[PDB]
Structure formats: C-alpha cells, structure tokens
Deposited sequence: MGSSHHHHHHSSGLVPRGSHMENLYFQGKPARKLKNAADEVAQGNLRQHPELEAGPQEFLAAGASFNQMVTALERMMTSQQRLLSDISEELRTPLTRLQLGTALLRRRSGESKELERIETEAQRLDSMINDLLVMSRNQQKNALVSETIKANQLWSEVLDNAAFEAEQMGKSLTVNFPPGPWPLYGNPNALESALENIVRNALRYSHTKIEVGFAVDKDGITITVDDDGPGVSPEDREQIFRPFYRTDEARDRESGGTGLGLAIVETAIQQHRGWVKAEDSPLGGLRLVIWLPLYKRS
C-alpha cells in the first residue's frame, strides 16, 4: 500500500530526527561552558554586579536544561529499537506488576480496573512500555493513597486511563503539562521532560495523550493507541 510506504518513510525520518536531537544536546555543552567561563571571569575580574548575577542565573537555567536533555537523549537512542507487532497484555503486564509492588511499599494501592487483553499493537515495545511506566510513576509519586489503571478496546484502538487521588493539576496547567521542562509550582517546591517524552512517543505511534481531572480527585492521564490491523 501507499500508506505502508508513507509509514516506513516517516519511521526512517523519526530515526534521523532522534539522532539529531541527541547529538546537538552533547554539542550545546561546548559554547555553554565557554560562556560560563566568561561569567566566571567578570565575577572577580570586575565587581559583583546584580546585572552579572542576572546573566549568571540565565546561564544556570540554560545549563540545567542542557543537562536534562543529555539525560533524556541518552535513552531515546539506546532504548530505540525496530518496530514490531506486540500484544497489549505482553507489553504492559510487567509494568503493572512492578507498579503494584512499588505502591504496596509506599502503603498505597494500585488497582487494574480492566486488564490489557491480547490486543495487537505495532511499534517500539520499549518506547510504549516506558510511556505507561512514566505515567504510572507520576501517579505513584503524587497520589495520596490510590492509583487506578484501566484498559478499554474497540475496532480502532486501545484507551489506557491512569487515575490517582492526589492533588491534580489545574485546568490551565493541564494544557502545558506535556511541554518539555514544564513543572507545576507544587512539584517545583525532576526535569519536566517525562510527559514530553510520553506525548512524542505516543504521537510517533500514531496515537494521542490527554490530561484530565480524575474522578478519584487527582490527575487522569488518557493514552490512545491504534489497533494493528
């Protein structure tokens, strides 16, 4: 099919686009360190300016973001594999088992409302496995007492819903939650790349992600992935 040709062409482009991101992340360190040596010079080779202090906090922010990018890009290349057929139960049963154990260790509870069936998917098993893993990790951290995971299926695809009873996220901030480096003031008191990685991985797999208010009181994350024909 023409569609199969287009998917393969775009899959190849996604590889070259990941190679690009990781490589320039390593490259950004070189002018950043040279910039910081300039701000380190003027710090005692001239007065302790409030102006120079303001340039150093901007350089600090840049450094912080570049370091987070290196941590991110390391995995988005190492863990990047060829696209294969995988069943939803095979793919996510281990993630859900480890998450239930981690919850139990925190005195919290993880309930799987409806389990993943043998529903066929197509893509990178590690990327899809980590996409659910990052959502559930956030739920484990921010929930007060409980986490809920629910699977749904139909002719078109699989819907995964992760709920928690913690504080949620305001409707304004739920808009920017998937943005790279975005962190709510509650969390600021973590890189902010987690949900950015999740959104990209799921969009690369021809699906979508949503952040909503949870019936449990906290945050609800909804992943949709297409069924493999």
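Participant: Identify which parts of the deposited sequence carry no C-alpha coordinates, going from the N-terminal end onward.
Facilitator: Missing from the model are residues 1-63, 253-256, 297-298.
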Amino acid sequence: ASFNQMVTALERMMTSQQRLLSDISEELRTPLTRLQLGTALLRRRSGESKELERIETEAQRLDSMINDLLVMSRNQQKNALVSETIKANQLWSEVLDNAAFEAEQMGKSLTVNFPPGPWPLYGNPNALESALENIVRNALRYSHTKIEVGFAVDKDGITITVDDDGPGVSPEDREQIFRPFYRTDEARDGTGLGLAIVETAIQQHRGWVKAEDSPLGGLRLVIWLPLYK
From here on, numbers count along this sequence of modelled residues.
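Participant: Quick check: 191-199 versus 29-37, which has the larger average CA B-factor in the record?
Facilitator: It is 29-37.
Participant: Report the stretch with the higher mean CA temperature factor, choosing between 117-125 and 80-88 on the basis of the entry.
Facilitator: Mean B over CA atoms: larger for 80-88.
Participant: Check the PDB entry and point out which of 74, 137, 155, 144 has the largest C-alpha temperature factor.
Facilitator: Max CA B-factor in the entry, restricted to 74, 137, 155, 144: 74.
Participant: Can you tell me which of 9, 24, 216, 211 has the highest Cα temperature factor in the record?
Facilitator: Highest CA B-factor of the listed options: 24.
Participant: According to the PDB entry, is the CA B factor of residue 169 in the bottom, middle or top third of its chain, that is, lowest, middle or highest?
Facilitator: Middle third, going by the recorded CA B-factors of the chain.
Participant: Please place residue 70 in the lowest, middle or highest third of its chain according to the CA B-factor in the PDB entry.
Facilitator: As the PDB entry reports it, the C-alpha B-factor of residue 70 lands in the highest third of its chain.
Participant: Residue 160's Cα B-factor: lowest, middle or highest third of the chain?
Facilitator: Ranked within chain, residue 160 CA B lands in the lowest tercile.
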